[PDB]
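J.: quick check, what structure comes out for this input:
(9 chains)
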Amino acid sequence: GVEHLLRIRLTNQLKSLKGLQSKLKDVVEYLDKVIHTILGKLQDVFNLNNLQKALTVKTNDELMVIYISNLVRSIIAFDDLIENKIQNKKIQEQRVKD
Amino acid sequence: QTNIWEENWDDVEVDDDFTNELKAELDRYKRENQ
Amino acid sequence: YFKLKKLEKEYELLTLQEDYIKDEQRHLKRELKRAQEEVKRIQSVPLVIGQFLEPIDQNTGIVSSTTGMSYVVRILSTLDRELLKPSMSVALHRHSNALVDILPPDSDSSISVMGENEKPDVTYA
Amino acid sequence: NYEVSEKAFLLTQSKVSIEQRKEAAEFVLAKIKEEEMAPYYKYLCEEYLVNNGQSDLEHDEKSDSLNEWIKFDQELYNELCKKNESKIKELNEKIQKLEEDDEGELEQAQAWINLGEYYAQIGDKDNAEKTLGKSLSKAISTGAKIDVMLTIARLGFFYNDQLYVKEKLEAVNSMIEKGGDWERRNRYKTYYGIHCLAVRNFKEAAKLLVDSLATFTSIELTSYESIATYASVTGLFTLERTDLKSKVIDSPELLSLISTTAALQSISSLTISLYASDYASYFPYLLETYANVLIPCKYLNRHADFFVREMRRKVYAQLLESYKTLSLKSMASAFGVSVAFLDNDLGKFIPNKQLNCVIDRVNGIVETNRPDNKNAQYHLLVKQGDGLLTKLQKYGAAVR
Amino acid sequence: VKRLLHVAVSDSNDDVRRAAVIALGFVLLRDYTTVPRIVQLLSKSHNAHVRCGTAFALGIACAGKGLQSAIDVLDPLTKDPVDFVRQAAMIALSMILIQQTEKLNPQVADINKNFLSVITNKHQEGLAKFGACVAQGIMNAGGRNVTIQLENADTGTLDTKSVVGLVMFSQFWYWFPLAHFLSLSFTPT
Amino acid sequence: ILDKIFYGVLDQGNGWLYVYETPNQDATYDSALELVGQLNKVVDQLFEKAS
Amino acid sequence: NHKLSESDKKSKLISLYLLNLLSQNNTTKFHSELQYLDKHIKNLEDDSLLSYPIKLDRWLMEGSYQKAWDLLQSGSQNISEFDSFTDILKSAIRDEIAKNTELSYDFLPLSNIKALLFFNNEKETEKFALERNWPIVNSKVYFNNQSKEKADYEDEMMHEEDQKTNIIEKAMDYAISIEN
Amino acid sequence: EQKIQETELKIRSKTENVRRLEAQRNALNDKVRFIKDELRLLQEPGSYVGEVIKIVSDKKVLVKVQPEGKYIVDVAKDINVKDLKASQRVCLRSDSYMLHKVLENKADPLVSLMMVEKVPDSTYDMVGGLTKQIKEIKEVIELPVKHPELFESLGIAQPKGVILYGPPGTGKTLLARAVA
Amino acid sequence: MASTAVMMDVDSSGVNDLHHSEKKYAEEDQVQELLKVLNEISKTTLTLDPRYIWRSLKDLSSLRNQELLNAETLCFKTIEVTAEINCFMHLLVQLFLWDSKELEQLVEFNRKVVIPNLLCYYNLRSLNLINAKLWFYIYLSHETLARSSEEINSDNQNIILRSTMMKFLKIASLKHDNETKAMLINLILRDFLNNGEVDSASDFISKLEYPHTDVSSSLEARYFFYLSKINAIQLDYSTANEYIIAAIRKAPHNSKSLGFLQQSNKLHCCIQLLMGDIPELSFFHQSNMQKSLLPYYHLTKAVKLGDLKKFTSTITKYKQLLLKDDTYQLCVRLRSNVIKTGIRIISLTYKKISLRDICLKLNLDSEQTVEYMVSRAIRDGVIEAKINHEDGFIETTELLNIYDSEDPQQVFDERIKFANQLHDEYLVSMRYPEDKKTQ
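T.: Numbering: from 1, shown residues only, chains lettered A, B, ... in the order given. I have put the structure below:
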């Protein structure tokens, strides 16, 4: 019945703001609400960033092979259809006997 | 030049082997001198 | 200048001619997908087991019924020749009576099963 | 056939000794008597012609030919044409009678093969082929298709040729994957290890060449020392030491023929002396091998510096290494050799793309460095989207 | 139109689309021209309603006009498995086909007989025969001597009353006691 | 017996060799080159078929 | 065609002017003028004046000026009319060497750099080095930063690590999506 | 003048985007119906294979369905009675019990120890050395087989059956098969 | 006979009538394909002779008879119109040194064809029925001059031509007034490549490429070909080569592979030289010198070592061949560039060498120019090393990366830019089969 209703990636990002929105406010809220220690507990994991190391760059290492098929992904596209379709056309367009 | 040899890199160079031996002697001859 | 106001102007149509289509483009595009749904959705469970025999063509084949029927039936548009397999235990629609799916598993219909001691208890010699 | 093309090759290569010239065609002189060899021995005498093969009673007779033995006579032709005719005539009506009687098919093909082998003895890269066709036309057996191999192997390597026979070899091989059961596979692998040994095999069929021995050789298409000799060298010069020190470390094969031809004594042997990591001794054993091995034998010459210097590299690469360290002197000097010169070609390995050598001249010092992941990830990546761009345009050429 | 299209493109409900397709031939009235080429898309579609709504607008646009070309597009639709479809197609044709008949248009014979065929057919619905008998009677409206006219080059100008019966008749299998509205565009020869 | 290098670089003034590492990089395009090496050929052949 | 009239210092002029172009430090147009030249070598080699710039350029281009810089002091055209750019050029030369030094060297004796700059006074150099803004202690020009690294623009593009590749991804995914 | 002249070439160029959408039309709409097309056949009663016992003049093929028994039933109009054969694998209209269409008939050797391997393979060279026999065999079989009329030309009745007598067990079957 | 000759023309006109119906997709490509067949029958004999009668009677047909200038006569306002033009096309075609020797007759006639009742109303109508090559290809021959004195003032006809080509560049309205265009440039390009500095190539570049589709890949490549030589002394190499790498197969030429593609290849060889790459001439041995490579090989042969003397000697020997190809200007740079190339492999391998070993190689060459010569080298990079003479130690850098950088992934965007490559261009070629099914 739900299927009778409605009718990949991006959204995943889209909360990028949400907590971060209220968060500093939430501080400034409590900051200027009382103007608790939990907040400082939240704090230390902030440093958990600018963290990036050459360790980061190892990504591309991985990302290298990640792209190997990118040809092959379409290489078979790069191969078949219009070859055969032309053939099929060459079939079809040459069909045309009488 | 013919058709298919092992081709590339490239023709390299020439007169080495005997040159080497010429020196392999000389080398060893120098090493005989040693 | 002249005959174009006659002529040229009539090409504004041909502009729209495009503009008619790419609209209708997405139509089939979507009309695909929500429809692409159900053509998938026609599969369902409370089936009858059987054994595939041999395809008559692509999307046609003979199977065996556990009941002893064997008939020309339709199949998955899913499997073709590749994923279609030479004989198979097969999922059978009842009255549409067609091939729902191949079956990887099982064993023991009759026949009367198979003798299995998995890891037999006897050392040789 | 066999020694012909080599004794051809022998004298066609003649540099070192007149014997290199002499002793080869010596036989061939007797052998063109033995067989009517003229028709290619014709172009064989035009093969090494315009070097020292410049002395013939048909083609050319020149003083600057150190080989006069590349000579003929028209009697040879008379001898030939008679032999030829004789051969021809006999087989003709014979084959014609086989045709007359509808006598056998392979039996028809029989005299065909007989008709065929002449053009090997004769040197005709000819009728035998058409004969082979009309042999193979009469073939109900891969065993006759086997003769294709025989034929084609005698075809290609009577001239030490290339591809078609190899392709034929491919063709005749691809036909039945019975590979002549165990054997013609070898014969396949043999000549495949020879075709591809033009000029290469290098990593490729040298293995195979090494792989099957002694399981075949041919007589007329090869000897047993030959295969061994060849198989050793390249496979040695190329293949994995582990393998080599598993295999050519020694094999009953080797153990059989070790020094039996003396001729080798070196190839792996003095390379096992390389594989004994001397500095010097092998470095002489190189040319000690080279001129005794490479120059003498068909592919062994034409590839040349592939080896030389590559074992010469080989001596840098695994034996002496970069080396990762140690003052080049202690290498280049304490090894009693030319510092600079050795270092030069040694330095010529710096850009060869093979050196992980890191080499100073002044300090005469050498280093190394990991080869990262480079290897061959994208580097060759370019080639194929290109090889597609070939198609991609070729496709875009399809169109109309 | 672009909206109407995309709307028909973008709506779940088919009737709307059907409708949306139908109403096209109104804003598409003045050119029946491309309407076949127009519907030549919607001629071919998984959905009946689409293929239904096709019939009307084109059958409307050429109602007072020609184009067996336009017509012939619909004859496959006259065979679309839903009788309601062909019923529409039946109608749509006759809406065009009045006065056009007899070797001027030879096709009318079948088309007529098709009705009769259907009208004979017991396996054709009272969807099918409905439109058939009606589309027959359509062709025969006003002693068959009368025509169907809107934006009449006679006046060069519209008359809304011509329209009305259509839009009235639009929902009929919805609400049956309507089509008598169609009497409006009946026009003398 | 990596296998196998023997080995680094001895030094006269001193008396010893060097060292290095094994693990280089994964076999990937090595694996892949073959494919895209293979691909064209038959499809080149396939283009030929269509031609 | 112009044989109708012809003259000589026409050589000298363009010579001066190529040398001008040369001093004007516009490489291709300079060279492409040699290409725009009608008869080139036929013209060129036969004029030492014409022979200056490219032979100079030979030197000049890659950055060893030694004889070139020397040559222009001895240059008969420099000795005749050309000393205009010769001055410019000298400076023009050394600034590259300055970078070449700056590239080749961090810390160079003030003698060597002067030896390089062909100066008599090193304070001649010291200006340049400090005009170059070169870190210097006594007797030695230093390069602590041989280059301009950071410095504002050329930013926001590469690092275009994912963003471009993300868009590439995005693109590729549109090359996947718009493939529809 | 030419004022509105090239104005065509504007829309005259537009002729293309049409054809893209035109390419798209097919590129799209082909799918739709097609994807739609399967929807019907998904509604089916079934399709009866059948094993034809025979036909008669009636043009009702006489058949035993494999799980069912024998029914004599009409054919499809698209097939002859003559093209037909017994046992014939066919699509039977399920509940119409008439031929829906014909399939590949499957057939046919048998068992009971009379069974037939049909033209087996061996080559006579493989027991080779017997060939005197083989030649005799060829003479008694192959030449009779390959060209019987040579013996008809001679005007005999050539061997209709053959004997072989002597050492046993070479793969003696090969003797027979290879010739055969 | 003359019939069958004309019968071709008839059938061509028959297909010209297919143009007199409409484009000409056939007719042009027909005319194109016909232009291939133009070789076969030919002569003028009763070809041109009855052609007058076959034309008869139009004024310009009689004007063209001035080009006929023979014994024809015999006997034989609409069907005669573009046919005559199409024959004026053939009139051009006639003259290839086919049915002609000195087109300077026809030079005037070119104009006197091109100018009158031609070069006028054709914008979309005549579809590259102009072949300005065939126009200029005439003058191309004549430009064997030398002789003309230029001629004239200098050489104004060719000037006027550029202007006349400009007069099409004018007439190039981008209404599809295109195809022929950059030939006109290719002309002017090679006219710069006669005496000139292309740099208005940039202005030529400013306009366009030969847009786009309908042009023969040939000229489209022949575009790049010259368009390369722009970057040649513009000293862009890649892009130049990229043009070659847009040029060669690629415009299928095989016939034109022989003389012409060598030229192409001749330049191509120079590129990696300019980039110091020296690809394997192992093939470039063949279908090559003979008449093209081997000096480049000799160059490469040098450029492998880059021994200035030995290098120069090549030039010294092949200068005229260089000169013949005006490749001389090149390679003068690459002299030390390989010397510097060697520098890299002199053992930059050691993290240094000292001064005077890396001087030693220059103490093999020159001294304290070393300072320069290495700064000369270090200048461009081309090696990465350091020094200080204070130390007198020439310090040769790692040159070592664990890459994990975008460096390969640049090369993927490369691939990625081809991820669509035909993948898209299939959709490009999806229309043709299936929308011609719609017809």
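J.: burial check on residue A:49, number of neighbours?
T.: 6 (other Cβ atoms under 10 Å in any protein chain shown). For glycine as for every other residue, the C-beta is placed from the backbone atoms N, C-alpha and C.
J.: is it part of a helix or strand, or is it coil?
T.: The local conformation at residue A:49, judged by DSSP: H, G, I helix; E, B strand; the rest coil, is coil.
J.: same thing with the one 3 residues further on?
T.: When classified by three-state DSSP, residue A:52 comes out as coil.
J.: show me where the stretch 301-439 of chain I has strands.
T.: Here the stretch 301-439 of chain I has its strands, by DSSP state E, counting those that start in this stretch, at I:353-354, I:385-388, I:393-396.
J.: repeat for the stretch 251-400 of chain D
T.: Secondary structure of the stretch 251-400 of chain D (DSSP E, counting those that start in this stretch): strands located at D:358-359, D:366-367.
J.: most tightly packed of those?
T.: Ranked by mean neighbour count, the strands of the stretch 251-400 of chain D are led by strand D:366-367 with a mean of 27 (mean count of other Cβ atoms under 10 Å in any protein chain shown).
J.: gap between it and the chain center?
T.: Distance, stretch centre to chain centre, for strand D:366-367: 37 Å (Cα atoms, centre = their mean, to the nearest Å).
J.: partners of that strand in the sheet?
T.: Strand pairing for strand D:366-367, determined by DSSP bridges: strand D:358-359 (antiparallel).
J.: outside of the partner strand, which residues touch it?
T.: D:322, D:328, D:343, D:346-347, D:350, D:365-369, I:347, I:349-351 (Cβ atoms under 8 Å, 6 or more residues apart in numbering or on different chains).
J.: quick one: the strands in chain G?
T.: G:108-109, G:136-137, G:140-141 (DSSP state E).
J.: now chain H
T.: Using DSSP E, strands in chain H cover H:47-54, H:60-64, H:70-74, H:90-93, H:98-102.
J.: helix or strand: which one has residue I:15?
T.: Per DSSP states H and E: residue I:15 is located in helix I:2-21.
J.: what comes up buried for that helix?
T.: Residues of helix I:2-21 classed as buried: I:2, I:5-6, I:8-9, I:12-13, I:15-16, I:18-20 (neighbour count, 16 or more other Cβ atoms under 10 Å in any protein chain shown).
J.: contacts for that helix, please.
T.: I:24, I:26-28, I:30-31, I:34, I:37, I:40-43, I:45-47, I:49-51, I:54, I:82-83, I:86-87, I:90, I:127.
J.: again, only this time at 6 Å
T.: Contact with helix I:2-21 is made by I:26-27, I:30, I:34, I:41, I:46-47, I:50, I:54, I:83, I:86, as judged by Cβ atoms under 6 Å, 6 or more residues apart in numbering or on different chains.
J.: buried set for the following helix or strand past it?
T.: From helix I:2-21 onward toward the C-terminus, using DSSP H and E, the following helix or strand is helix I:25-37. By neighbour count with 16+ other Cβ under 10 Å, helix I:25-37 contains the buried residues I:27-28, I:30-31, I:34-35.
J.: mind listing what residue H:84 touches?
T.: H:55, H:61.
J.: next one: the one 10 residues further on
T.: Contacts for residue H:94 (Cβ under 6 Å, 6+ apart) come out as H:45-48.
J.: neighbour-wise, which of those leads?
T.: Highest count within the contacts of residue H:94 by other Cβ under 10 Å belongs to residue H:48, 27 neighbours.
J.: so which residues on chain B come close to chain D?
T.: Applying Cβ under 6 Å from any Cβ of the partner chain, we find that chain B lies next to chain D at B:5-6, B:12, B:17, B:21, B:23-24, B:27-28, B:31, B:34.
J.: of all those, which comes closest to chain F?
T.: residue B:34 (13.5 Å; Cβ to the nearest Cβ).
J.: neighbours of the residue nearest to that closest one when sequence neighbours are not counted, how many?
T.: Excluding its sequence neighbours, the residue lying closest to residue B:34 (Cβ to Cβ, 6 or more residues apart in numbering or on different chains) is residue D:336, at 5.2 Å. Residue D:336 is flanked by 17 other residues according to other Cβ under 10 Å.
J.: so residue D:336 versus chain F, what's the distance?
T.: With distances taken as Cβ to the nearest Cβ, to the nearest Å, residue D:336 is found 12 Å from chain F.
J.: still on that earlier bit, and the strands of chain G: which comes nearest chain F?
T.: Checked against Cβ to the nearest Cβ, the stretch from those lying closest is strand G:108-109, at 31.5 Å.
J.: compare the strands of the stretch 301-439 of chain I and give me the one nearest chain C.
T.: strand I:393-396 (57.8 Å).
J.: just the buried residues of stretch H:121-141, please?
T.: H:122-125, H:127, H:130, H:133-134, H:137-138, H:140-141.
J.: now, these that are in helices?
T.: Members of the buried residues of stretch H:121-141 lying in helices (criterion: DSSP state H): H:133-134, H:137-138, H:140.
J.: can I get those in JSON lines with distance to residue D:399?
T.: Formatted as JSON lines, these follow (distance: Cβ to Cβ, whole Å):
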{"residue": "H:133", "distance to residue D:399": "65"}
{"residue": "H:134", "distance to residue D:399": "60"}
{"residue": "H:137", "distance to residue D:399": "61"}
{"residue": "H:138", "distance to residue D:399": "59"}
{"residue": "H:140", "distance to residue D:399": "64"}
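J.: how many neighbours does residue G:82 have?
T.: 21.
J.: and if you look at residue H:161?
T.: For residue H:161, the neighbour count with other Cβ under 10 Å is 6.
J.: how about residue H:18?
T.: 16.
J.: one more: the one 10 residues further on?
T.: The number of residues packed around residue H:28, counting by other Cβ under 10 Å, is 22.
J.: same deal with residue G:168?
T.: For residue G:168, the neighbour count with other Cβ under 10 Å is 22.
J.: for residue D:57, what are its contacts?
T.: Taking Cβ under 6 Å, 6+ apart, we find residue D:57 in contact with D:71-73.
J.: ranges for the strands of the chain?
T.: Reading this off chain A. So, for chain A - with DSSP E - there are no strands.
J.: oops, wrong one, chain E.
T.: Under DSSP E, chain E gives strands at E:146-148, E:186-188.
J.: out of those strands, deepest packed?
T.: It is strand E:146-148: most buried of the strands of chain E by mean count of other Cβ under 10 Å, with a mean of 19.
J.: what's that strand packed up against?
T.: On a contact count with 3 or more Cβ pairs under 6 Å, 6 or more residues apart in numbering or on different chains; DSSP states H and E, strand E:146-148 meets strand E:186-188.
J.: what is the neighbour count of the residue of chain G found nearest chain C?
T.: Chain C sits closest to residue G:180 of chain G, with a gap of 6.6 Å, by Cβ to the nearest Cβ. The number of residues packed near residue G:180 is 12, by other Cβ under 10 Å.
J.: thinking again about what came up before, out of the contacts of residue H:94, which is nearest to chain I?
T.: Proximity of those to chain I, judged by Cβ to the nearest Cβ, is greatest for residue H:47, which lies at 32.5 Å.
J.: now the strands of chain G as CSV including distance to chain D and mean neighbour count?
T.: Below are these laid out as CSV (distance: least, Cβ to the nearest Cβ, whole Å; neighbours: other Cβ atoms under 10 Å in any protein chain shown):
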stretch, distance to chain D, mean neighbour count
strand G:108-109, 20, 22
strand G:136-137, 28, 14
strand G:140-141, 23, 24
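J.: out of those strands, which gets nearest to residue C:101?
T.: Ranking those by proximity to residue C:101 (Cβ to Cβ) places strand G:108-109 first, at 80.0 Å.
J.: okay, now the sheet partners of that closest one, with direction.
T.: Here strand G:108-109 is paired, per DSSP bridges, with strand G:140-141 (antiparallel).
J.: contacts for the partner strand?
T.: So strand G:140-141 is contacted by G:107-110, G:113, G:129, G:134 (Cβ under 6 Å, 6+ apart).
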